[PDB]
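Comments concern the structure below.
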Amino acid sequence: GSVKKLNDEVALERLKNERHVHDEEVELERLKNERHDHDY
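Under the deposited numbering, the first residue of the sequence shown carries the number 1, and numbering increases by one thereafter.
Pasting the structure below:
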């Protein structure tokens, strides 16, 4: 009611965590690209 909802803060944090993980996944892709070194 007056306090409405406070769990909304946690929800936002969870969304940020998901994005953070994705960012690392893209960066790690660089290592996989190294395979091109052996391909050439």
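Heads up, the beta-carbon is just placed ideally off N, CA and C, and yes, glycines get one too.
- Secondary structure note for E34: it is in no alpha helix (DSSP H), with a DSSP letter that is neither H nor E.
- C-alpha of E24 to C-alpha of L15: approximately 15 Å in a straight line.
- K5 carries a coil assignment under DSSP once its states are collapsed to helix, strand and coil.
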